$ cat run.txt   # compact mmCIF, C-alpha atoms
# COMPACT_ATOMS: atom_id res chain seq x y z
CA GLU A 625 101.17 84.11 117.78
CA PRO A 626 100.13 81.32 120.15
CA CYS A 627 102.60 81.33 123.02
CA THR A 628 105.04 78.42 123.11
CA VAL A 629 107.04 76.97 126.00
CA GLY A 630 110.78 77.45 125.56
CA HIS A 631 110.63 80.92 124.02
CA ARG A 632 114.21 82.15 123.56
CA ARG A 633 114.60 85.00 121.09
CA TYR A 634 117.14 87.59 119.97
CA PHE A 635 116.06 90.89 118.42
CA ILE A 636 118.19 93.56 116.78
CA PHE A 637 117.94 96.60 119.05
CA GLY A 638 119.97 99.76 118.56
CA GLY A 639 123.49 98.64 117.79
CA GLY A 640 123.24 95.27 119.55
CA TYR A 641 120.82 92.49 120.43
CA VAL A 642 118.15 92.10 123.10
CA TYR A 643 117.48 88.59 124.40
CA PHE A 644 114.05 87.52 125.67
CA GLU A 645 113.27 84.32 127.59
CA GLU A 646 109.72 82.91 127.74
CA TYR A 647 108.15 86.04 126.23
CA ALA A 648 109.88 88.20 128.86
CA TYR A 649 112.95 90.42 128.74
CA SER A 650 116.15 88.67 129.80
CA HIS A 651 119.08 90.94 128.95
CA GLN A 652 120.72 93.30 126.50
CA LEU A 653 123.73 92.02 124.59
CA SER A 654 126.55 93.45 122.51
CA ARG A 655 126.66 92.50 118.84
CA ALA A 656 130.35 91.53 119.02
CA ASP A 657 129.62 88.88 121.66
CA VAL A 658 127.59 86.60 119.34
CA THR A 659 129.90 84.60 117.09
CA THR A 660 129.89 85.77 113.48
CA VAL A 661 129.86 83.67 110.30
CA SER A 662 131.14 85.53 107.24
CA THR A 663 129.06 85.40 104.06
CA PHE A 664 131.71 87.31 102.09
CA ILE A 665 134.32 85.89 99.72
CA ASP A 666 137.77 87.32 100.41
CA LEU A 667 139.71 88.85 97.51
CA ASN A 668 143.15 90.19 98.45
CA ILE A 669 144.43 92.43 95.64
CA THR A 670 147.75 94.15 96.34
CA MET A 671 149.33 96.83 94.17
CA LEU A 672 152.59 96.76 92.25
CA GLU A 673 155.31 98.54 94.21
CA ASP A 674 157.14 101.36 92.46
CA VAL B 486 191.24 76.78 79.35
CA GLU B 487 189.18 79.31 77.41
CA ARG B 488 188.38 83.03 77.34
CA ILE B 489 184.78 84.06 77.96
CA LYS B 490 183.31 86.75 75.69
CA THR B 491 180.83 89.16 77.28
CA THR B 492 178.11 90.98 75.37
CA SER B 493 178.00 94.78 75.53
CA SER B 494 174.22 95.02 76.03
CA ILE B 495 172.82 94.29 79.50
CA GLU B 496 169.39 95.49 78.39
CA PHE B 497 168.21 91.94 77.71
CA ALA B 498 168.68 91.03 81.38
CA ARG B 499 166.92 94.19 82.57
CA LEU B 500 164.05 93.43 80.19
CA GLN B 501 163.95 89.92 81.65
CA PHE B 502 163.76 91.35 85.17
CA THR B 503 160.99 93.81 84.29
CA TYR B 504 158.97 91.19 82.42
CA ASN B 505 159.36 88.67 85.24
CA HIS B 506 158.24 91.22 87.83
CA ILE B 507 155.17 92.37 85.90
CA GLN B 508 154.26 88.82 84.84
CA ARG B 509 154.55 87.44 88.37
CA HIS B 510 152.37 90.17 89.85
CA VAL B 511 149.77 89.83 87.10
CA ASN B 512 149.61 86.04 87.42
CA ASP B 513 149.29 86.28 91.20
CA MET B 514 146.46 88.82 91.07
CA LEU B 515 144.57 87.13 88.23
CA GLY B 516 144.94 83.78 89.98
CA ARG B 517 143.43 85.28 93.12
CA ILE B 518 140.62 86.78 91.03
CA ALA B 519 139.89 83.41 89.42
CA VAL B 520 139.83 81.61 92.78
CA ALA B 521 137.55 84.28 94.26
CA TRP B 522 135.22 84.06 91.26
CA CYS B 523 134.97 80.30 91.70
CA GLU B 524 134.18 80.63 95.41
CA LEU B 525 131.59 83.29 94.59
CA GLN B 526 129.80 81.01 92.12
CA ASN B 527 129.82 78.09 94.55
CA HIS B 528 128.51 80.48 97.21
CA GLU B 529 125.69 81.83 95.03
CA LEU B 530 124.53 78.32 94.12
CA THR B 531 122.93 78.22 97.58
CA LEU B 532 120.81 81.29 96.84
CA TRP B 533 119.90 79.83 93.47
CA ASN B 534 118.68 76.61 95.11
CA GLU B 535 116.23 78.62 97.23
CA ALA B 536 115.07 81.04 94.54
CA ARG B 537 114.27 77.92 92.51
CA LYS B 538 111.81 76.85 95.21
CA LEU B 539 110.41 80.39 95.42
CA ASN B 540 109.63 80.90 91.72
CA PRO B 541 110.53 78.01 89.41
CA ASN B 542 109.55 79.74 86.15
CA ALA B 543 111.93 82.70 86.36
CA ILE B 544 114.83 80.58 87.64
CA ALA B 545 114.34 78.02 84.87
CA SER B 546 114.10 80.75 82.22
CA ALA B 547 117.30 82.35 83.51
CA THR B 548 119.38 79.17 83.83
CA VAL B 549 118.17 77.32 80.72
CA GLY B 550 118.30 80.38 78.45
CA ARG B 551 114.78 80.03 77.00
CA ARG B 552 111.41 81.19 78.34
CA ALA B 553 110.14 77.93 79.85
CA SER B 554 107.61 76.95 82.49
CA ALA B 555 108.94 74.92 85.41
CA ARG B 556 107.42 73.09 88.35
CA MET B 557 109.21 71.30 91.16
CA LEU B 558 109.29 67.48 91.18
CA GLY B 559 110.54 67.24 94.73
CA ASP B 560 114.25 68.07 94.52
CA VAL B 561 114.39 68.88 90.79
CA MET B 562 112.52 70.95 88.19
CA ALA B 563 110.40 69.80 85.27
CA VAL B 564 110.37 72.32 82.42
CA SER B 565 108.40 72.84 79.22
CA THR B 566 108.99 75.29 76.37
CA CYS B 567 106.54 78.20 76.14
CA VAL B 568 104.91 79.18 72.84
CA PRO B 569 105.56 82.78 71.72
CA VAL B 570 102.59 85.09 71.15
CA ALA B 571 102.78 88.43 69.36
CA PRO B 572 101.80 91.48 71.47
CA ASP B 573 99.26 92.82 68.94
CA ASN B 574 97.21 89.62 69.33
CA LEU C 525 129.14 93.23 95.41
CA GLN C 526 129.48 91.33 98.67
CA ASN C 527 128.05 94.26 100.61
CA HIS C 528 125.17 94.10 98.14
CA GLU C 529 124.61 90.34 98.06
CA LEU C 530 124.27 90.23 101.84
CA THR C 531 120.80 91.70 101.27
CA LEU C 532 119.85 88.49 99.47
CA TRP C 533 121.45 86.28 102.12
CA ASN C 534 119.45 87.79 104.99
CA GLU C 535 116.31 86.63 103.18
CA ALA C 536 117.54 83.19 102.15
CA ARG C 537 118.19 82.16 105.75
CA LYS C 538 114.51 82.79 106.43
CA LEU C 539 113.50 80.38 103.65
CA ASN C 540 115.84 77.53 104.62
CA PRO C 541 118.18 78.15 107.56
CA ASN C 542 119.62 74.64 107.19
CA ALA C 543 121.23 75.18 103.77
CA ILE C 544 122.31 78.74 104.55
CA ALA C 545 123.97 77.72 107.82
CA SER C 546 125.65 74.73 106.18
CA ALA C 547 126.98 76.97 103.40
CA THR C 548 128.25 79.81 105.60
CA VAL C 549 129.46 77.96 108.70
CA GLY C 550 131.21 75.25 106.66
CA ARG C 551 129.70 72.18 108.37
CA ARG C 552 126.45 70.37 107.66
CA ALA C 553 124.43 71.77 110.57
CA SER C 554 120.77 72.15 111.48
CA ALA C 555 119.71 75.74 112.10
CA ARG C 556 116.59 77.66 113.04
CA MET C 557 115.83 81.35 113.42
CA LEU C 558 115.66 82.84 116.92
CA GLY C 559 114.18 86.17 115.90
CA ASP C 560 116.91 88.17 114.17
CA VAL C 561 119.72 85.61 114.67
CA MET C 562 120.18 81.98 113.67
CA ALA C 563 120.94 79.13 116.09
CA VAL C 564 122.85 76.14 114.72
CA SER C 565 123.78 72.65 115.89
CA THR C 566 126.06 70.06 114.30
CA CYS C 567 124.50 67.09 112.51
CA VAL C 568 125.75 63.52 113.00
CA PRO C 569 127.16 61.79 109.90
CA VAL C 570 125.57 58.51 108.81
CA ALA C 571 127.05 56.11 106.27
CA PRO C 572 125.00 55.62 103.07
CA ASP C 573 125.07 51.82 103.40
CA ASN C 574 123.06 51.86 106.66
CA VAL C 575 119.88 53.39 105.17
CA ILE C 576 116.94 51.63 103.50
CA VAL C 577 114.10 53.32 101.60
CA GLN C 578 110.52 52.10 101.91
CA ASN C 579 108.60 51.38 98.71
CA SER C 580 105.39 53.29 99.48
CA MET C 581 104.82 56.87 100.62
CA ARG C 582 101.12 56.18 101.23
CA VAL C 583 99.78 55.48 104.71
CA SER C 584 98.00 52.15 105.14
CA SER C 585 96.12 53.56 108.15
CA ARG C 586 95.32 56.98 106.64
CA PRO C 587 93.62 56.98 103.22
CA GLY C 588 93.52 60.18 101.19
CA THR C 589 96.45 61.64 103.12
CA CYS C 590 99.98 60.40 102.52
CA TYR C 591 103.64 61.29 102.91
CA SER C 592 105.23 63.89 100.64
CA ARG C 593 108.69 62.41 101.29
CA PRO C 594 109.90 58.78 101.28
CA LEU C 595 110.05 56.72 104.45
CA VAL C 596 113.46 55.37 105.45
CA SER C 597 115.07 53.24 108.14
CA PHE C 598 118.63 53.96 109.26
CA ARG C 599 121.06 52.55 111.81
CA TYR C 600 123.82 54.63 113.38
CA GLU C 601 126.12 51.59 113.67
CA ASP C 602 126.13 47.95 112.60
CA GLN C 603 125.14 46.71 116.08
CA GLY C 604 122.59 49.48 116.62
CA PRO C 605 118.83 49.18 116.26
CA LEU C 606 116.62 50.16 113.34
CA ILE C 607 115.52 53.80 113.61
CA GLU C 608 112.56 54.82 111.47
CA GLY C 609 112.11 58.20 109.82
CA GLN C 610 111.51 60.06 106.59
CA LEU C 611 113.87 61.60 104.05
CA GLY C 612 114.50 65.34 104.07
CA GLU C 613 116.33 67.83 101.86
CA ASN C 614 119.91 67.15 100.71
CA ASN C 615 120.51 63.83 102.51
CA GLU C 616 118.53 64.75 105.62
CA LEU C 617 116.87 62.35 108.05
CA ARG C 618 113.67 63.37 109.85
CA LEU C 619 112.61 61.45 112.95
CA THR C 620 108.99 62.64 112.79
CA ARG C 621 106.62 61.58 110.00
CA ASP C 622 104.70 64.85 110.01
CA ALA C 623 105.08 65.54 106.26
CA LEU C 624 101.52 64.80 105.14
CA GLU C 625 99.70 65.98 102.02
CA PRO C 626 96.50 64.97 100.23
CA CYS C 627 97.23 62.26 97.69
CA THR C 628 96.98 63.46 94.08
CA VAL C 629 96.95 61.50 90.83
CA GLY C 630 99.93 61.96 88.51
CA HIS C 631 102.40 62.03 91.42
CA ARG C 632 105.91 61.78 89.95
CA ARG C 633 108.73 62.96 92.19
CA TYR C 634 112.52 62.95 92.31
CA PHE C 635 114.37 63.07 95.63
CA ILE C 636 118.07 63.43 96.38
CA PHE C 637 119.36 60.15 97.81
CA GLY C 638 122.97 59.13 98.36
CA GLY C 639 124.99 60.21 95.34
CA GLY C 640 122.00 60.31 92.99
CA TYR C 641 118.22 60.52 92.77
CA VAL C 642 115.35 58.24 93.73
CA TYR C 643 112.21 58.47 91.59
CA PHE C 644 108.72 57.71 92.92
CA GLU C 645 105.63 57.35 90.72
CA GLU C 646 102.07 57.71 92.09
CA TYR C 647 103.36 57.71 95.68
CA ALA C 648 105.20 54.44 95.03
CA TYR C 649 108.87 53.62 94.53
CA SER C 650 109.92 53.50 90.88
CA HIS C 651 113.72 53.41 90.65
CA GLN C 652 117.13 54.78 91.59
CA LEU C 653 119.12 56.80 89.06
CA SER C 654 122.39 58.71 88.79
CA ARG C 655 123.03 62.45 88.85
CA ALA C 656 124.28 62.36 85.24
CA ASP C 657 121.00 60.72 84.17
CA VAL C 658 119.28 64.13 84.45
CA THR C 659 120.40 66.98 82.22
CA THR C 660 122.02 69.83 84.14
CA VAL C 661 121.69 73.59 83.69
CA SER C 662 124.55 75.65 85.09
CA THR C 663 124.06 78.67 87.34
CA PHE C 664 127.79 79.48 87.10
CA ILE C 665 129.23 82.36 85.09
CA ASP C 666 132.44 81.12 83.48
CA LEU C 667 135.61 83.20 83.78
CA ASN C 668 138.55 81.67 81.90
CA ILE C 669 141.66 83.44 83.20
CA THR C 670 145.01 82.25 81.83
CA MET C 671 148.50 83.11 83.03
CA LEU C 672 151.35 84.77 81.16
CA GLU C 673 153.78 82.23 79.74
CA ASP C 674 157.39 82.63 80.82
CA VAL D 486 169.06 105.62 45.03
CA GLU D 487 169.90 106.20 48.69
CA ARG D 488 171.54 104.37 51.60
CA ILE D 489 169.54 103.22 54.62
CA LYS D 490 170.98 104.35 57.96
CA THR D 491 170.42 101.88 60.79
CA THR D 492 170.21 102.78 64.47
CA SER D 493 172.70 101.11 66.81
CA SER D 494 170.12 100.26 69.51
CA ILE D 495 167.48 97.59 68.89
CA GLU D 496 166.24 98.10 72.45
CA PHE D 497 163.30 100.18 71.21
CA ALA D 498 161.95 97.17 69.32
CA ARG D 499 162.49 94.85 72.29
CA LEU D 500 160.64 97.33 74.51
CA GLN D 501 157.89 97.42 71.89
CA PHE D 502 157.62 93.62 71.91
CA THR D 503 157.55 93.36 75.71
CA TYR D 504 154.97 96.13 76.06
CA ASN D 505 152.82 94.63 73.30
CA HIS D 506 152.92 91.18 74.91
CA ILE D 507 151.99 92.47 78.36
CA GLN D 508 149.32 94.75 76.88
CA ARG D 509 147.74 91.91 74.91
CA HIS D 510 147.54 89.60 77.90
CA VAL D 511 146.22 92.29 80.25
CA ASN D 512 143.62 93.49 77.74
CA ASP D 513 142.45 89.91 77.13
CA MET D 514 142.17 89.01 80.82
CA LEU D 515 140.53 92.23 82.01
CA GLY D 516 138.13 92.16 79.07
CA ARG D 517 137.16 88.63 80.08
CA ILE D 518 136.71 89.84 83.67
CA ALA D 519 134.45 92.68 82.51
CA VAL D 520 132.29 90.34 80.42
CA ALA D 521 132.01 87.87 83.30
CA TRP D 522 131.10 90.66 85.73
CA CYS D 523 128.35 91.93 83.44
CA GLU D 524 126.93 88.43 83.01
CA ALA E 103 107.83 93.34 73.80
CA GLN E 104 106.69 89.77 73.13
CA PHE E 105 104.39 87.45 75.06
CA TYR E 106 104.69 83.78 75.94
CA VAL E 107 102.02 81.23 76.85
CA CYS E 108 103.32 78.34 78.93
CA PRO E 109 101.67 74.90 78.88
CA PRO E 110 101.63 73.16 82.28
CA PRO E 111 104.97 71.45 82.96
CA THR E 112 105.19 67.68 82.67
CA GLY E 113 107.68 65.14 83.97
CA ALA E 114 108.96 64.35 80.47
CA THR E 115 111.73 66.98 80.61
CA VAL E 116 113.65 67.43 83.87
CA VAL E 117 116.64 69.70 84.55
CA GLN E 118 118.82 70.14 87.64
CA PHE E 119 121.53 72.52 88.80
CA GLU E 120 125.24 71.90 88.34
CA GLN E 121 126.93 70.99 91.60
CA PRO E 122 129.85 73.09 92.90
$ encode --input "run.txt" --output "structure tokens"
Amino acid sequence: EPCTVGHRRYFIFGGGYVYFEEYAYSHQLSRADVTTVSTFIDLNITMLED
Amino acid sequence: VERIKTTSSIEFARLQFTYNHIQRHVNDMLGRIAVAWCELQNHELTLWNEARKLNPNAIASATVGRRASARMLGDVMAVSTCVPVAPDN
Amino acid sequence: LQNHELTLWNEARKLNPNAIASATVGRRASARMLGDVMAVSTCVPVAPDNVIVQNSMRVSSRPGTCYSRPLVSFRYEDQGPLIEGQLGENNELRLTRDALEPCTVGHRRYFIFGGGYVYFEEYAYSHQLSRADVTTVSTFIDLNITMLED
Amino acid sequence: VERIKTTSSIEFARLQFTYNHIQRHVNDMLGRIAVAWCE
Amino acid sequence: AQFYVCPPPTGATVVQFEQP
């Protein structure tokens, strides 16, 4: 791609992310650190007690 | 001043308890299922909006119920019924 | 099912991160992909009575090439200035008029505007209309669950 | 020509009614759920 | 096991999706 100023990117690496700034490595990062938005719909089904 | 007469069968009250317990649990769980189903449909509408842009014909055929040809008119689809043709022809 | 449908979602955010982020986050936000993760930012509400739609999508200075989306002018407040732009997807305002396409005959388009649609005919304003004016097909699977009567 | 002997406990029939009612509702609702899931 | 031929769509018939 043609290089662009202001290149900030995250890439899935191993079990976490790797963050690059301006087409250069910046730092590793844990997956739990980036805030998570849930795409799942919760359904709480509980059983009848004996 | 009166004397109260008591029935000899408590089984009606125990049946009431059992029915209330089962009914309450069933209504709670089915209510949760219904709410979750509603949220799921509202959630999937977003995917449908994008698959419509991707391939209008299949999305229109699925939603309308008939094999139709669709093309986007900006933010909405225009559809037209397709003429059947026998395979041997 | 959820663990399955996530496979679809990971693709949809590549098509239109705006709608996906607005649906999942819960707020109407603007998002763009940053590789394998999506960066979002809140969008500022604007009242529907402060927006005006221009009649023509053609460009008086550029023949042959013309806007694919209507031009609009909006004001953040009553004492603010007039800010020009073009309409986007699902009540979206674009500051840059970079949506250009070759002009084609038989150009009839509907665009979401306010609570209804705005219809343009050969790159020119035709009329406003309501949501109920267009027949609707449902993507919802009905599930009619009723409770036990006491 | 014979005499009908009647049981002293109607609770079997009340249990039958309650079970039938619960069964009917559950079978209706879960059947609806199955159809909706398939669709 | 049946084919369909689809004429090009026109603006005469327009359908949208039901809102949430």
$ interface_residues --input "run.txt" --of "chain E" --to "chain B" --cutoff "6 Å" --atoms "all atoms listed in the file" --output "PDB file with C-alpha atoms, in the frame of the given file"
ATOM      1  CA  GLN E 104     106.690  89.770  73.130  1.00  0.00           C
ATOM      2  CA  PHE E 105     104.390  87.450  75.060  1.00  0.00           C
ATOM      3  CA  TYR E 106     104.690  83.780  75.940  1.00  0.00           C
ATOM      4  CA  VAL E 107     102.020  81.230  76.850  1.00  0.00           C
ATOM      5  CA  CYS E 108     103.320  78.340  78.930  1.00  0.00           C
ATOM      6  CA  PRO E 111     104.970  71.450  82.960  1.00  0.00           C
ATOM      7  CA  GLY E 113     107.680  65.140  83.970  1.00  0.00           C
ATOM      8  CA  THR E 115     111.730  66.980  80.610  1.00  0.00           C
ATOM      9  CA  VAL E 116     113.650  67.430  83.870  1.00  0.00           C
ATOM     10  CA  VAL E 117     116.640  69.700  84.550  1.00  0.00           C
ATOM     11  CA  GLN E 118     118.820  70.140  87.640  1.00  0.00           C
ATOM     12  CA  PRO E 122     129.850  73.090  92.900  1.00  0.00           C
TER      13      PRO E 122
END
$ atom_distance --input "run.txt" --atom1 "atom CA of residue C:629" --atom2 "atom CA of residue B:536"
26.9 Å
$ interface_residues --input "run.txt" --of "chain B" --to "chain D" --cutoff "9 Å" --atoms "all atoms listed in the file" --output "list in words"
residues 496, 497, 500, 504, 507, 508, 511, 515 and 518 of chain B
$ interface_residues --input "run.txt" --of "chain A" --to "chain B" --cutoff "12 Å" --atoms "all atoms listed in the file" --output "MDAnalysis selection string"
chainID A and resid 662:674
$ closest_residue --input "run.txt" --among "C:609, C:562, C:624, C:550" --to "residue C:536" --atoms "only C-alpha atoms"
C:562
$ atom_distance --input "run.txt" --atom1 "atom CA of residue D:508" --atom2 "atom CA of residue D:523"
22.2 Å
$ closest_residue --input "run.txt" --among "C:529, C:602, C:535, C:674" --to "residue C:571" --atoms "all atoms listed in the file"
C:602
$ residues_near_point --input "run.txt" --point "(127.4, 94.1, 120.2)" --cutoff "9 Å" --atoms "all atoms listed in the file" --output "compact mmCIF listing (two decimals) with C-alpha atoms, in the coordinates of the input"
# COMPACT_ATOMS: atom_id res chain seq x y z
CA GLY A 639 123.49 98.64 117.79
CA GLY A 640 123.24 95.27 119.55
CA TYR A 641 120.82 92.49 120.43
CA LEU A 653 123.73 92.02 124.59
CA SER A 654 126.55 93.45 122.51
CA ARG A 655 126.66 92.50 118.84
CA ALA A 656 130.35 91.53 119.02
CA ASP A 657 129.62 88.88 121.66
CA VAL A 658 127.59 86.60 119.34
$ atom_distance --input "run.txt" --atom1 "atom CA of residue B:541" --atom2 "atom CA of residue C:558"
28.4 Å
$ interface_residues --input "run.txt" --of "chain C" --to "chain E" --cutoff "8 Å" --atoms "all atoms listed in the file" --output "PyMOL selection string"
chain C and resi 632+658-663
$ interface_residues --input "run.txt" --of "chain C" --to "chain A" --cutoff "6 Å" --atoms "all atoms listed in the file" --output "list in words"
residues 526, 548, 549, 558, 559 and 560 of chain C
$ closest_residue --input "run.txt" --among "C:656, C:525, C:577, C:568" --to "chain D" --atoms "all atoms listed in the file"
C:525
$ interface_residues --input "run.txt" --of "chain C" --to "chain B" --cutoff "8 Å" --atoms "only C-alpha atoms" --output "ChimeraX atom specification"
/C:532-533,536,539-540,543-544,547,613,632-636,661-665,667-669,671-672,674
$ write_last_selection --input "run.txt" --atoms "C-alpha atoms" --output "compact mmCIF listing (two decimals), keeping the file's coordinate frame"
# COMPACT_ATOMS: atom_id res chain seq x y z
CA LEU C 532 119.85 88.49 99.47
CA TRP C 533 121.45 86.28 102.12
CA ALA C 536 117.54 83.19 102.15
CA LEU C 539 113.50 80.38 103.65
CA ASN C 540 115.84 77.53 104.62
CA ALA C 543 121.23 75.18 103.77
CA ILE C 544 122.31 78.74 104.55
CA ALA C 547 126.98 76.97 103.40
CA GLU C 613 116.33 67.83 101.86
CA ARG C 632 105.91 61.78 89.95
CA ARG C 633 108.73 62.96 92.19
CA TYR C 634 112.52 62.95 92.31
CA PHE C 635 114.37 63.07 95.63
CA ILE C 636 118.07 63.43 96.38
CA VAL C 661 121.69 73.59 83.69
CA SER C 662 124.55 75.65 85.09
CA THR C 663 124.06 78.67 87.34
CA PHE C 664 127.79 79.48 87.10
CA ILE C 665 129.23 82.36 85.09
CA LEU C 667 135.61 83.20 83.78
CA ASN C 668 138.55 81.67 81.90
CA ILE C 669 141.66 83.44 83.20
CA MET C 671 148.50 83.11 83.03
CA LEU C 672 151.35 84.77 81.16
CA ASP C 674 157.39 82.63 80.82
$ residues_near_point --input "run.txt" --point "(114.7, 55.5, 105.1)" --cutoff "6 Å" --atoms "only C-alpha atoms" --output "PyMOL selection string"
chain C and resi 575-577+595-598+610
$ decode --input "run.txt" --residues "stretch 635-656 of chain A" --atoms "N, CA and C atoms" --output "mmCIF file, in the first residue's frame"
data_model
loop_
_atom_site.group_PDB
_atom_site.id
_atom_site.type_symbol
_atom_site.label_atom_id
_atom_site.label_comp_id
_atom_site.auth_asym_id
_atom_site.auth_seq_id
_atom_site.Cartn_x
_atom_site.Cartn_y
_atom_site.Cartn_z
ATOM 1 N N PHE A 635 -2.594 -5.492 15.374
ATOM 2 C CA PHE A 635 -2.650 -6.764 14.675
ATOM 3 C C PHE A 635 -2.715 -7.899 15.683
ATOM 4 N N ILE A 636 -3.607 -8.860 15.434
ATOM 5 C CA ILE A 636 -3.696 -10.018 16.307
ATOM 6 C C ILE A 636 -2.419 -10.839 16.182
ATOM 7 N N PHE A 637 -1.740 -11.030 17.315
ATOM 8 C CA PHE A 637 -0.470 -11.735 17.353
ATOM 9 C C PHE A 637 -0.480 -12.661 18.557
ATOM 10 N N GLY A 638 -0.290 -13.953 18.317
ATOM 11 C CA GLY A 638 -0.338 -14.912 19.407
ATOM 12 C C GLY A 638 -1.687 -14.867 20.098
ATOM 13 N N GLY A 639 -1.662 -14.636 21.408
ATOM 14 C CA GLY A 639 -2.881 -14.473 22.171
ATOM 15 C C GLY A 639 -3.252 -13.037 22.485
ATOM 16 N N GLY A 640 -2.535 -12.062 21.924
ATOM 17 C CA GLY A 640 -2.785 -10.667 22.204
ATOM 18 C C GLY A 640 -2.732 -9.833 20.933
ATOM 19 N N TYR A 641 -2.403 -8.555 21.108
ATOM 20 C CA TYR A 641 -2.270 -7.627 20.000
ATOM 21 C C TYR A 641 -0.838 -7.112 19.942
ATOM 22 N N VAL A 642 -0.449 -6.650 18.758
ATOM 23 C CA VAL A 642 0.802 -5.935 18.566
ATOM 24 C C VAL A 642 0.470 -4.612 17.890
ATOM 25 N N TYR A 643 0.994 -3.521 18.438
ATOM 26 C CA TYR A 643 0.634 -2.174 18.024
ATOM 27 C C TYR A 643 1.826 -1.534 17.329
ATOM 28 N N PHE A 644 1.593 -1.061 16.104
ATOM 29 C CA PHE A 644 2.594 -0.431 15.261
ATOM 30 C C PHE A 644 2.236 1.038 15.070
ATOM 31 N N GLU A 645 3.251 1.901 15.148
ATOM 32 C CA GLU A 645 3.100 3.328 14.898
ATOM 33 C C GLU A 645 3.973 3.715 13.710
ATOM 34 N N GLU A 646 3.367 4.391 12.733
ATOM 35 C CA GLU A 646 4.063 4.891 11.548
ATOM 36 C C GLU A 646 4.892 3.787 10.889
ATOM 37 N N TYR A 647 4.231 2.661 10.626
ATOM 38 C CA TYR A 647 4.819 1.527 9.914
ATOM 39 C C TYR A 647 6.025 0.952 10.655
ATOM 40 N N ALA A 648 6.078 1.153 11.970
ATOM 41 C CA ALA A 648 7.159 0.630 12.793
ATOM 42 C C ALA A 648 6.577 0.072 14.085
ATOM 43 N N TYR A 649 7.226 -0.969 14.607
ATOM 44 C CA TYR A 649 6.761 -1.612 15.828
ATOM 45 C C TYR A 649 6.764 -0.621 16.984
ATOM 46 N N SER A 650 5.669 -0.612 17.745
ATOM 47 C CA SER A 650 5.574 0.215 18.938
ATOM 48 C C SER A 650 5.581 -0.634 20.206
ATOM 49 N N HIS A 651 4.633 -1.560 20.359
ATOM 50 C CA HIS A 651 4.659 -2.382 21.565
ATOM 51 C C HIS A 651 3.670 -3.533 21.464
ATOM 52 N N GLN A 652 3.980 -4.612 22.182
ATOM 53 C CA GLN A 652 3.019 -5.682 22.392
ATOM 54 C C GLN A 652 1.924 -5.209 23.342
ATOM 55 N N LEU A 653 0.829 -5.966 23.391
ATOM 56 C CA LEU A 653 -0.295 -5.567 24.226
ATOM 57 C C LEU A 653 -1.146 -6.790 24.531
ATOM 58 N N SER A 654 -1.622 -6.874 25.771
ATOM 59 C CA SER A 654 -2.515 -7.955 26.159
ATOM 60 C C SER A 654 -3.911 -7.717 25.592
ATOM 61 N N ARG A 655 -4.599 -8.820 25.278
ATOM 62 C CA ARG A 655 -5.933 -8.718 24.698
ATOM 63 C C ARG A 655 -6.936 -8.159 25.702
ATOM 64 N N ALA A 656 -6.757 -8.469 26.991
ATOM 65 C CA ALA A 656 -7.698 -8.015 28.005
ATOM 66 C C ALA A 656 -7.614 -6.510 28.256
#
